[PDB]
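Just so it is clear: chains get the letters A, B, ... in the order the sequence lines come, proteins before strands, and each one is counted from 1. Worth knowing before you read on, the calculation uses all heavy atoms, side chains too, and leaves out hydrogens, waters and symmetry mates.
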Amino acid sequence: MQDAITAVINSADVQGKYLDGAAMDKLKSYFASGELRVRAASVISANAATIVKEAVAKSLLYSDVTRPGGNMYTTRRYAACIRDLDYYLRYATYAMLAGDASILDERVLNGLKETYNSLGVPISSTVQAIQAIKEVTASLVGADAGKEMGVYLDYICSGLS
Amino acid sequence: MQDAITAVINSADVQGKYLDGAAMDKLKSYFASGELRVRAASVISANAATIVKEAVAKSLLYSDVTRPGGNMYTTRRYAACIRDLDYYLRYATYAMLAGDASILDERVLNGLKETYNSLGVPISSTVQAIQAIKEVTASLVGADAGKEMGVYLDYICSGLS
Amino acid sequence: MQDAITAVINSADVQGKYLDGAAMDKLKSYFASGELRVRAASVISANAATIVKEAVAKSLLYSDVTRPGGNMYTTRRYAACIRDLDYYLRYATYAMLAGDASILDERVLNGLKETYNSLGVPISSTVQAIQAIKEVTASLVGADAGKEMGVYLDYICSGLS
Amino acid sequence: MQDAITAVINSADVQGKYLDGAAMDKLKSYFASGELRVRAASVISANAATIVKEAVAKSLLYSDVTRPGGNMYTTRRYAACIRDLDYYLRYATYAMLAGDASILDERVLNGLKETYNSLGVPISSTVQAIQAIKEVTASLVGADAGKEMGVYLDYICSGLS
Amino acid sequence: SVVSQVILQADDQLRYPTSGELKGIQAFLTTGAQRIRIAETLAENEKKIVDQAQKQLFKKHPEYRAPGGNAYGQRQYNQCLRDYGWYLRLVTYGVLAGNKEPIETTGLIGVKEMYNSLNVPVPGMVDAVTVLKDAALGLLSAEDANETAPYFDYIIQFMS
Amino acid sequence: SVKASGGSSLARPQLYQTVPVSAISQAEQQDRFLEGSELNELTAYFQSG
Amino acid sequence: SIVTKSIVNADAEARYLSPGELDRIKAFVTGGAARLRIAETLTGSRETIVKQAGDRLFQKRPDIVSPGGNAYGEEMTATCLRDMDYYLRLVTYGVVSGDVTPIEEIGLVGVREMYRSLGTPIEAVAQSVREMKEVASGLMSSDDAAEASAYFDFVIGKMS
Amino acid sequence: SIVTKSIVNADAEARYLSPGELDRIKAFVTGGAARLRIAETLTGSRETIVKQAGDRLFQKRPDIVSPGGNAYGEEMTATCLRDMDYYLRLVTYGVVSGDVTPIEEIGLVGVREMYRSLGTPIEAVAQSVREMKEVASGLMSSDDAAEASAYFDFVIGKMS
Amino acid sequence: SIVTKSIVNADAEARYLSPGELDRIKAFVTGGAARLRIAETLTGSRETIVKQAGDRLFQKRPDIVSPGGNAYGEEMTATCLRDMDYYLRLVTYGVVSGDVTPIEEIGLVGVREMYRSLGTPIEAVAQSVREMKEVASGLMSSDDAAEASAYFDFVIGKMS
Amino acid sequence: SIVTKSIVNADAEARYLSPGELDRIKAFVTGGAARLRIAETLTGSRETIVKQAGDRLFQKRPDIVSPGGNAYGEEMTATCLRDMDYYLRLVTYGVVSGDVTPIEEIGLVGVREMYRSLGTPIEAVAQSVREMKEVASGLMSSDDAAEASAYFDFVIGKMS
Amino acid sequence: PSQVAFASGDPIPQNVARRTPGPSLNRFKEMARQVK
Amino acid sequence: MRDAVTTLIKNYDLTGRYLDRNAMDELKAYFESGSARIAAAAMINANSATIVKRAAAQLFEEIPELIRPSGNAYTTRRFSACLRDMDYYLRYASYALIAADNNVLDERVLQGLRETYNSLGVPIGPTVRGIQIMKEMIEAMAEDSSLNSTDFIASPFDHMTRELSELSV
Ligand SMILES: *[C@@H](C)[C@H]1/C(=C/c2[nH]c(/C=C3N=C(/C=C4\NC(=O)C(CC)=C4C)C(C)=C\3CCC(=O)O)c(CCC(=O)O)c2C)NC(=O)[C@@H]1C
Ligand SMILES: *[C@H](C)[C@H]1/C(=C/c2[nH]c(/C=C3N=C(/C=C4\NC(=O)C(CC)=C4C)C(C)=C\3CCC(=O)O)c(CCC(=O)O)c2C)NC(=O)[C@@H]1C
Ligand SMILES: *[C@H](C)[C@H]1/C(=C/c2[nH]c(/C=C3N=C(/C=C4\NC(=O)C(CC)=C4C)C(C)=C\3CCC(=O)O)c(CCC(=O)O)c2C)NC(=O)[C@@H]1C
Ligand SMILES: *[C@H](C)[C@H]1/C(=C/c2[nH]c(/C=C3N=C(/C=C4\NC(=O)C(CC)=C4C)C(C)=C\3CCC(=O)O)c(CCC(=O)O)c2C)NC(=O)[C@@H]1C
Ligand SMILES: *[C@H](C)[C@H]1/C(=C/c2[nH]c(/C=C3N=C(/C=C4\NC(=O)C(CC)=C4C)C(C)=C\3CCC(=O)O)c(CCC(=O)O)c2C)NC(=O)[C@@H]1C
Ligand SMILES: *[C@H](C)[C@H]1/C(=C/c2[nH]c(/C=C3N=C(/C=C4\NC(=O)C(CC)=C4C)C(C)=C\3CCC(=O)O)c(CCC(=O)O)c2C)NC(=O)[C@@H]1C
Ligand SMILES: *[C@H](C)[C@H]1/C(=C/c2[nH]c(/C=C3N=C(/C=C4\NC(=O)C(CC)=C4C)C(C)=C\3CCC(=O)O)c(CCC(=O)O)c2C)NC(=O)[C@@H]1C
Ligand SMILES: *[C@H](C)[C@H]1/C(=C/c2[nH]c(/C=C3N=C(/C=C4\NC(=O)C(CC)=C4C)C(C)=C\3CCC(=O)O)c(CCC(=O)O)c2C)NC(=O)[C@@H]1C
């Protein structure tokens, strides 16, 4: 994985030069926008079960997915879906802290598509669940922090689709 | 693809209720910003060649990417990269006038990581190219209209990263 | 794996309802067949080694398969072929007891063709070996339970096809 | 695809420099061996079906594979195997005439292993069939052209394995 | 006919007609005598069938004679009777042919939009074909009814 | 069960057409920017919105 | 089921079924009529066991239906009774199969994670299934209610 | 099979099964007893058909068993008899199935280039199938001989 | 080269190379000494043609280096002569290959859109390769000048 | 011819001929005199070449002149010698033209269908062309027979 | 000129109702009614 | 596409065997059941439209959330798509009843159905619920009608239910 600072360092390293002025400006932008990422990660780590619980109430409860025959029917499948949503929320928090979505490729999206297609997991239903996660965390954490969280959760949705 | 109006109306139809308090605010913001977004897209469509002209002059030229051994070395690879920046600008205008990134999710981000990782296109270099397009459009069409383009442009950057 | 009772329970649970009269009829049919299945399983479990002995003598012995240059030549390969026929007999006994080929789908036919193609194991020769197992078991148990065992042995053969 | 000439041209081009003397010795060796390659390709194009005939007679006939239950049981699958060996011989002559194994990795090999795994085709047995093709071709054409054909036939075998 | 379907399949797959389909033509030639008998009895006794079917339909659906329908005048009444007569006629045609292809080329392909343009209800006509089936199978003998029933049955299936 | 999977990639069927989607997709299938026709489309629709 | 459990154990030991296991399967297929009689008894009294047991649970733990509770309200009470009926159906499946594996693969693996995601008191759901056991033993005979109470007590032990 | 062809022809037009193909399916079902009798006769006399037809083939065409012929030698003669037994088994499959689709799928696709790669005269294998046809026609009644010789002549057409 | 082109054409036609291409391949192989002599002469004198052609182009077209021109600037002129060295290298690649396929696959496809996105006059690039052609023909012998100049003015004709 | 298929390739690529292709025309023109004297020598020896080819064919494979063979009779052997002489004339046309296009467009497309319809042993015709190769290499010099044997090998590979 | 910011502007919070038991649980709802 | 006679021929061809007495007994059983299979399929053709309408009505009254908002039978477009899917299931069930084999169901129904339903969000539980509802109403109608053998009718619907269904246990 890499953050924004590590991405700038790696780009300047494979170019083979020192940090020029544009790299300094990108670093200054990240250093300016870091504190809001810190407080957003604090809020998400505070309420991390509540976004998952509320978003499952927003999208998946009392529906065909949790009804008999659905993919979230049994308790083991419900616990697996809650585990998957916890993974998505935690890794989106990691990507929001890093300012880069590289960890989502390295850890999450490298095999999730083929894993879900082997498992029979409804990718559309997971997309609606992650959009519900996005809406709940955007209501909870603020405006621009909610925008950043929505960007990384839409990256997770784009990796699933 | 879908736009902001379709997203609003699908959320309202899934909820099963009418357009009570916030859908109206989103739609009046959309219809208010629409004519200036159309004017911005008119300016971008008029000056579409020149944006990628000094965008590639600012970002990719006189680098090891353009040097021999780089991915943008030959004339065919150069013209393909120019056509890709034209694609990014055009679909960013599409997402701006739609008010939603579903066109980017459905026609851009569905296989972009696949084709770039299979071909060998440098992700950091093309991210810098779209950042150059963002600052060029922000200079050329205005700060706020340039930022309205730039939220979809760095959505494409986050999809690339 | 699924037997008849678990298949009925799985179907009714995905239906979401309690067990109706058709479930009662299928359960009573399986309980009617169960004593014959248990008697056949006991006879096969007693005569496990002799069926494999007669099948190897009937099909594989004194041939180019067991001659030098054959895949049953070296005695570790011979003992592996014996253990494979014990696998087929034991899992066909399991499938006959269960009234279902789900265990053959999950544990026997799972990658068996790729396994044998990687090893160099002769596919048609082991098909004839399973056929010899089918004839010896039909001679040793009877027409009815021998036919029931031969259904799953032919299922193993068609999976190897 | 690339022959030896396009291979050394691209090797000079990727580092961006002109042809040196050491790169010229590659063309000297290729133009030394070119008429041997021409006469070898003429001989194999004359006797194209004969090599496949003696290879199947040497390796694949009267084995397990033609027997009922084997991969070459039906006449359609026998014709498909003859077709595959014609493919291998023709593309091996293509790679021998080009002097570079790019056409094999581009049009024969990059997608054939998983195709044979999906079809259940025995990769070890078709590697032995390609070895029989190599032995019959080296008997027919000569020592140097035989081992030149055998290099690309072993390239096909290594791509399959 | 089934001969036409076999010969079109032979021309499609670029070879002479095969053993099982030739036995199909032979079976068709054996049953063609009773097919001709069915055509004769339906042609001679069509009138009671169409009369019973029209009174049964128009007592089951009291809206075409009522205001708000499409069968007010005697010319529309004669048009509905003409549609009944042509449908029973096409069924006799397909019974003679042994299968459905004359009915597909004469009165099936485009029938839904055909009657949407003339505002005649398609479920009304599937009720019409079912009551005409009831009249025809009541008038015809038992194994003859079993032989000629799937032609009408495919008519209701293709209508809806 | 089924012995193979083709993969369930996400399908996004368009439930109904609205005129911004219509104009954007109209030029998107033609592989071009929104020229003056689609600009007047969106201009009139955003004025009447 | 008992057959699948015996096959899984014998497969893990890499052997055929034991004669004791075969005798247990013989006893199971002879007692099939009795256990399906228990099944039809439970499907006959599906709506009464949940009724009386929910009444006992609500009078035993009124914080469940108190304001601020997890099952506060009409619709949350209905969801609680639906989960009760789900567990009764799983007990019916278990006494049919003769094994607790159909019970535990559907409603006991991940139940603690599910109910901590929902905020539901797991010990109160356990008390609900206890009350279902007492109501079933009320409107059932002695030894067969002991037989069903074995699977009910498995649910209690694995849940609480 | 006949049932396969009828279902495929219905599904290609996306309809249900037409009356003509249902009549052809019931003709297939009624002829099943006769086809089973013919196939049982062939599989009972499967050794003497191969023996007598191989004898008649090798007397009529001594060039293929002369030195320099394709079937010269004891092993090659036994392999030729094995090929004739294979084609007789395919004929029994076709008689059972009621058409020529199993024969065509198993042992008539790529036979020309297969026997060309083997170096075997395809007209001589067709002569072997012809002698099998003559022996099989002599070992049954006249209509059964015609019915089996239909599939035999299909093999003649696809191999010559 | 011609080897790659002939192999690709035969692969498209799914056949081996005919001797009408094999004689071409062996004659192209034997006639390679002249082409490698041209290539080594060009890469031995490689900078001198660039110097002379740049001097003659900047003499013939002053508006290239004029204020407001495309190559107005020191690094502009440096990259202009770098593009000239690029195209001379591609000419040597075509001389080495005996075919214009390396020139097409490296520096002819997308040249027009590339130089429109650079602002550089394509006809002036054509003039640059033209002065390259006269300088090379001046410093190398007559038939040798014809062989190299054929590739040179193929590049010129692909430009303009 | 090689020049006309170079024209075909250049027209398919929508361009003039590459300098490598003009070098191919150069090599074709320079080798034309040697190819023409090869063709003149073998058309001077056109009679004894096919007489010795026929006699060598008769010694290789004697069942052709035997009863039961295709060429039984003096007129049949005369037509066989005429066909061999016509294939010799096609070898003349191929050596003259410089490619195997005249053999392909006169007497090599559909040769399998032609000789399968005629009943002609195609391997025996390949043996006749091989004996023609042997006697042509016997009475032809080494490089000239090497040049003709490539076209002969194309005839062998495409016809056998 | 400052009113262009639809997506760049402050996003509007949404009123999405928490999902409730529907008419698949009608018997359990009327059961809860008569139990009270 | 393989019926019972074709899959028996394929099973014997894999082992390279002639048709023995067990094979002739299986063919005799198929050929004696074939008249009842044809009568059942003609019954299926008879009441197809009314049975898909009343089966959809029974499905949507058992699970009423499908025709409500957030369900996948909400619009008339979704309603007609659900009717088309149920008619597809009935048509291929008729094909499997004629063929006496579920290989047609495997080849043409079930091999991409989970993928399409997960792609479009279509539920897989109410689908097999409607399939089983069709099975119960068709079996009851065949019991009402003069059908001597009705045991084979449940086999294609139960095969669809098991293959399309999700492994709960
Ligand atoms: C500058 C952008 C960088 C760069 C790019 C580069 N791209 C290609 C080729 C392709 N790009 C695409 C992508 C798309 N096609 C579409 O229709 C869409 C959605 C609108 C996308 C995103 C594809 C498919 C190709 C291959 C074929 C094509 O040209 O369309 C190349 C060429 C690769 C080659 O070796 O031929 C290059 C070089 N390279 C850089 O260095 C910049 C970082
Ligand atoms: C009743 C004894 C207690 C109670 C229950 C309660 N549960 C829920 C919500 C759910 N419970 C489940 C559980 C299961 N689904 C299954 O398929 C199985 C196995 C067969 C089980 C055990 C599920 C899935 C839900 C979510 C609802 C849905 O299906 O969409 C609630 C509702 C909470 C809410 O809506 O947020 C309640 C109230 N609560 C108590 O206090 C009693 C102790
Ligand atoms: C929840 C939003 C939806 C959903 C989930 C669901 N997932 C599974 C099972 C698995 N999911 C994964 C995926 C991952 N692998 C990883 O490495 C990571 C983090 C980077 C993830 C998220 C895996 C491996 C499994 C398999 C676990 C197992 O073996 O049980 C299930 C269970 C399916 C089952 O058959 O048990 C479910 C239900 N499905 C839905 O319907 C929700 C909308
Ligand atoms: C002789 C000392 C004893 C004995 C021998 C005996 N052996 C067999 C049968 C077989 N033995 C083998 C063993 C091997 N195959 C190998 O490749 C190797 C090592 C190189 C060994 C040791 C095999 C394969 C057979 C089967 C024969 C076949 O080829 O199919 C028999 C025959 C048993 C029968 O019933 O056919 C016998 C009698 N018996 C004695 O009493 C001596 C102690
Ligand atoms: C006998 C009528 C004629 C003939 C026969 C002959 N055949 C072979 C060898 C083979 N024939 C086959 C063909 C089939 N295999 C199948 O499974 C089927 C369909 C069920 C067919 C048609 C095969 C595969 C072989 C190779 C043997 C093997 O099993 O590997 C030969 C031997 C040729 C050799 O050189 O070995 C012969 C002689 N020849 C005649 O002259 C008769 C006209
Ligand atoms: C000189 C004859 C003319 C001229 C040149 C000029 N070129 C550039 C910039 C670039 N030219 C290229 C061209 C290529 N690079 C390759 O690898 C190949 C194929 C072998 C070609 C054709 C490139 C890539 C550049 C960009 C620089 C870089 O390498 O990154 C300029 C500069 C324009 C600018 O805006 O910077 C100029 C001036 N101009 C003329 O007028 C002469 C006709
Ligand atoms: C009669 C005066 C009124 C009436 C009654 C009625 N409707 C249904 C059932 C359905 N209604 C619909 C309608 C719609 N689908 C849409 O997408 C829209 C908006 C354009 C509408 C209006 C549908 C699909 C159904 C079937 C699903 C369902 O059961 O709800 C019934 C029940 C029929 C039955 O039980 O068989 C009745 C009695 N519909 C009208 O339009 C009049 C206002
Ligand atoms: C009705 C029982 C349920 C239901 C159905 C529903 N299906 C779709 C869409 C599709 N269904 C299919 C499936 C098939 N294609 C085939 O070729 C076959 C077998 C012959 C099948 C079974 C496909 C491909 C689609 C997509 C396009 C199409 O309709 O062909 C929808 C539409 C969903 C949408 O938003 O577009 C619906 C509603 N939904 C339910 O809730 C019932 C359980």
Side-chain angles (χ1 to χ4, degrees), chain A residues 64-65 69-72 77 80 84 108-128 156-161, chain B residues 105-107 109-115 117-118, chain C residues 14 102 105-106 109-114 158-159 161, chain D residues 110-121, chain F residues 1-14, chain H residues 8 11-12 14, chain L residues 1-2 72 81-82 84-85 88-89 91-92 95-96 102-125 127-128 131 159-167:
Chain A
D64 300 329
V65 190
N71 200 258
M72 207 182 174
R77 295 218 271 276
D84 282 30
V108 179
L109 297 178
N110 201 15
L112 189 48
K113 178 69 179 295
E114 191 176 2
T115 297
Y116 275 177
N117 298 141
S118 290
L119 260 289
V121 172
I123 285 182
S124 45
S125 299
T126 61
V127 156
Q128 278 112 31
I156 295 174
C157 293
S158 170
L160 281 178
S161 56
Chain B
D105 269 346
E106 197 260 324
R107 297 303 303 270
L109 287 187
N110 51 2
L112 168 67
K113 298 296 291 295
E114 309 210 323
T115 174
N117 290 351
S118 58
Chain C
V14 173
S102 69
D105 282 328
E106 297 171 346
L109 297 177
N110 179 19
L112 175 58
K113 185 70 152 304
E114 290 87 2
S158 54
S161 82
Chain D
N110 185 39
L112 187 61
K113 168 188 282 295
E114 50 266 11
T115 312
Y116 275 1
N117 289 352
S118 62
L119 294 162
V121 173
Chain F
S1 170
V2 190
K3 307 306 184 307
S5 171
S8 168
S9 290
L10 181 59
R12 283 177 288 269
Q14 178 168 327
Chain H
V8 152
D11 190 44
Chain L
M1 180 63 209
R2 279 142 32 194
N72 262 122
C82 196
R84 178 205 54 121
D85 274 26
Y88 276 166
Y89 297 147
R91 171 160 74 88
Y92 283 100
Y95 290 163
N102 312 277
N103 169 266
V104 49
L105 305 190
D106 290 344
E107 285 274 358
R108 305 208 169 184
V109 168
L110 304 151
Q111 270 169 353
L113 200 36
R114 188 174 295 275
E115 284 82 6
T116 59
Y117 280 2
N118 291 326
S119 284
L120 276 91
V122 179
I124 212 166
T127 301
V128 305
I131 288 173
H159 184 82
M160 281 182 178
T161 300
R162 182 173 176 175
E163 290 281 319
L164 187 57
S165 166
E166 193 172 1
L167 181 63

Item to check | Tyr88(L): side chain to side chain donor-acceptor pair (under 3.5 Å) partners, not counting sequence neighbours | outcome: none
Checklist entry - How far does CG of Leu120(L) sit from CG of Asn72(L), to the nearest 0.5 angstrom? => result 8.5 Å
Checklist entry - Around atom CD of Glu114(D), are there more than 12 heavy atoms of other residues, nucleotides or ligands at under 6.0 Å? => result yes
Checklist entry - Would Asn110(B) and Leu10(F) satisfy side chain to side chain contact (heavy atoms under 4.5 Å, CB included), going step by step from the backbone distance to the final call? => result CA-CA 10 Å; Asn110(B) 51 2; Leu10(F) 181 59; over 6 Å; no
Next on the checklist: Before you tell me yes or no, could you show the steps for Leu105(L) and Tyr95(L) under side chain to side chain contact (heavy atoms under 4.5 Å, CB included), namely the whole-Å CA-CA distance, both residues' side-chain angles and the distance that decides it to 0.1 Å?
Outcome noted: CA-CA 8 Å; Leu105(L) 305 190; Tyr95(L) 290 163; over 6 Å; no
Item to check | side chain to side chain donor-acceptor pair (under 3.5 Å) involving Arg107(B) - partner list, sequence neighbours excluded | outcome: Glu28(F)
Item to check | Minimum-distance pair of heavy atoms, taken over all atoms of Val14(C) and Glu166(L) | outcome: CG2-O, 3.5 Å
Checklist entry - Partners of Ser119(L) by side chain to side chain donor-acceptor pair (under 3.5 Å), sequence neighbours excluded? => result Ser8(F)
Checklist entry - When rounded to the nearest 0.5 angstrom, what is the spacing between CG in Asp84(A) and OH in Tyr116(A)? => result 3.5 Å
Checklist entry - What pairs with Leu109(C) under side-chain contact (heavy atoms from CB on, under 4.5 Å), at least two apart in sequence or on another chain? => result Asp105(C), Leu112(C), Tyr155(C)
Checklist outcome for this item: Contacts of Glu115(L) meeting salt bridge (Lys or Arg N to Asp or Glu O under 4.0 Å) (sequence neighbours excluded), chain-then-number -> none
Item to check | Heavy-atom pair of closest approach, residues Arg162(L) and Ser102(C) | outcome: NH2-CB, 3.9 Å
Item to check | Any residue meeting side chain to side chain donor-acceptor pair (under 3.5 Å) with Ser124(A), in chain and number order, not counting sequence neighbours | outcome: none
Item to check | Gap separating the CE atom of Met160(L) from the CG atom of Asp106(L), nearest 0.5 angstrom | outcome: 10.0 Å
Next on the checklist: Please find the pair of heavy atoms, one from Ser165(L) and one from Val128(L), that lie closest to each other, and give the distance.
Outcome noted: N-CG1, 4.4 Å
